[PDB]
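Heads up: numbering here begins at 1 and tracks the sequence.
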Amino acid sequence: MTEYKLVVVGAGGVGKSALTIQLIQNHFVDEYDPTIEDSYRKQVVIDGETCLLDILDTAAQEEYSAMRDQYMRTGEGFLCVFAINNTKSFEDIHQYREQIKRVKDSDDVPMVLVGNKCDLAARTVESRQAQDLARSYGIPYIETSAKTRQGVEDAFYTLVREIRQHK
Ligand SMILES: Nc1nc2c(ncn2[C@@H]2O[C@H](COP(=O)(O)OP(=O)(O)NP(=O)(O)O)[C@@H](O)[C@H]2O)c(=O)[nH]1
Ligand SMILES: [Mg+2]
Ligand SMILES: [Mg+2]
C-alpha cells in the first residue's frame, strides 16, 4: 500500500512532538516522553485508500541534526508548525520554508501551515494573519491543539491530500 513520508518542522516548543504523538499514539504507554528527534508509523485510511504514514518529528533549526538535509530530501510533505501564542515561531516559518526550498530545489513542495495551541486564550498570532501567509504560499492553514486533539487528524490528513494532489 501507499507510503507517505511526512516531516514535522518548526521552532522550539511549538508542539511538533505533541502533535505527532497525538496522531500516532496507541496509549499503551500512558505518557510518552519525546525529547529526541524520531520517526513514527501510522496506518490510516484516507478517502478509501489505506496509507502507511512515516512521520519524522524534527528538532528546531537551532538544534544540530546530522541528517537534516537528508530527511528533507526524503520528506514528501511538511507540516510547518508555529504556536498561536509565540510570534517568533510564526515569524520563523519563513526560515523553515526556505530550508525546505533550499534542499528540495522547488517552490511547490507539499506543505500545511499549522497554528498549534489553539486551546490557549493568550493568542498573539491572529488566524487571519496566518491565513494570509498560507495563501501567499498556496498552502492550507489548519489550527490545532495537541492537548484537546482538535484539528490534529485534519492537519496530517490534509497534508496527505496535498501530496496526492501534487501527485
Ligand atoms: N496548551 C498547549 N500546550 C501544548 C500544545 N502542544 C504542545 N504543548 C506543550 O508545549 C510544550 C512543548 O511541546 P513539545 O511537544 O515538546 O514541542 P516541540 O515542538 O516538540 N519542542 P522541541 O522543539 O523542543 O522538540 C509542552 O509543555 C507541551 O505540553 C497545545 O496544543 N496546547
Ligand atoms: Mg519535540
Ligand atoms: Mg486576542
Side-chain angles (χ1 to χ4, degrees), residues 2-20 22-24 39-40 42 44-49 51-62 65 68-120 123-146 149-167:
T2 312
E3 178 175 72
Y4 294 93
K5 304 257 177 190
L6 310 184
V7 183
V8 180
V9 303
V14 295
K16 300 176 289 299
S17 300
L19 283 166
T20 294
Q22 271 286 11
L23 185 75
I24 68 103
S39 222
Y40 305 91
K42 180 61 182 309
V44 300
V45 179
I46 304 168
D47 307 332
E49 291 209 328
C51 315
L52 189 69
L53 306 192
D54 200 343
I55 302 162
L56 188 69
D57 176 29
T58 67
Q61 244 183 15
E62 293 79 17
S65 172
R68 197 182 293 278
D69 279 356
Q70 241 76 280
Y71 333 100
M72 289 194 279
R73 282 252 100 176
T74 290
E76 284 176 298
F78 298 78
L79 277 200
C80 295
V81 186
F82 68 95
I84 61 86
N85 69 334
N86 177 355
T87 301
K88 177 64 154 95
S89 71
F90 181 66
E91 293 177 8
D92 287 349
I93 292 296
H94 285 314
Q95 284 161 348
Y96 289 100
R97 175 160 157 92
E98 182 55 39
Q99 171 164 68
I100 295 159
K101 156 162 190 179
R102 173 179 50 80
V103 176
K104 298 195 76 81
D105 192 28
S106 165
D107 308 297
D108 297 275
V109 175
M111 303 185 310
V112 175
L113 184 67
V114 171
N116 191 43
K117 314 204 179 177
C118 84
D119 55 287
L120 297 182
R123 165 175 302 248
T124 56
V125 184
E126 300 314 314
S127 317
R128 177 169 305 282
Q129 301 178 252
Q131 280 155 196
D132 286 350
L133 187 68
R135 181 173 313 105
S136 79
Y137 308 129
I139 70 183
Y141 174 55
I142 293 167
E143 294 194 344
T144 60
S145 168
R149 213 154 185 282
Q150 274 289 168
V152 177
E153 292 194 8
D154 192 21
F156 282 99
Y157 303 164
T158 296
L159 180 56
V160 176
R161 291 171 183 127
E162 287 296 292
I163 297 169
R164 285 176 178 187
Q165 184 174 53
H166 181 79
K167 307 197 278 301

>> Once salt bridge (charged side-chain N to carboxylate O under 4.0 Å, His left out) is applied, what residue pairs with a partner in residues 105-115 remain, sequence neighbours excluded?
In response: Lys101-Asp107

> With sequence neighbours left out, which residue pairs that include part of residues 72-89 fulfil the salt bridge (charged side-chain N to carboxylate O under 4.0 Å, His left out) condition?
Replying inline: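 Counting only pairs at least two positions apart or across chains, the salt bridge (charged side-chain N to carboxylate O under 4.0 Å, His left out) contacts touching residues 72-89 are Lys88-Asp92.
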
> If you round to the nearest 0.5 Å, how far is CD of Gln150 from CG of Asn116?
Replying inline: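 Those atoms lie 12.0 Å apart.
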
> Parallel, tilted or perpendicular for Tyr141 and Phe82, by the 30°/60° rule?
Replying inline: parallel

>> Can you list everything that forms a side-chain contact (heavy atoms from CB on, under 4.5 Å) with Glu3? Sequence neighbours excluded, please.
In response: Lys5, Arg41, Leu52, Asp54

> So among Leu113, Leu6, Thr58, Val112, which one has a side-chain contact (heavy atoms from CB on, under 4.5 Å) with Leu79?
Replying inline: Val112

Find out whether [X] and [Y] are in side-chain contact, i.e. whether some heavy atom of one side chain is under 4.5 Å from a heavy atom of the other.
{"X": "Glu126", "Y": "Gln129", "answer": "yes"}
{"X": "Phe156", "Y": "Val8", "answer": "yes"}
{"X": "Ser39", "Y": "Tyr71", "answer": "no"}

>> Checking the side chain of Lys104 only, and the main-chain atoms of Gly75 only, is there a donor and an acceptor separated by less than 3.5 Å?
In response: yes

>> Whether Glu49 and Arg164 form a salt bridge (side-chain N of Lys/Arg under 4.0 Å from carboxylate O of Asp/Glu) is what I want to check.
In response: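 Answer for the salt bridge query: yes.
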
> Do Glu143 and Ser127 meet the criterion of a side-chain donor-acceptor pair at a distance under 3.5 Å?
Replying inline: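 Indeed, the side chains of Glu143 and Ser127 share at least one donor-acceptor pair under 3.5 Å.
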
> Looking only at side chains, do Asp57 and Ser17 share a donor and an acceptor under 3.5 Å apart?
Replying inline: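 Short answer, yes.
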
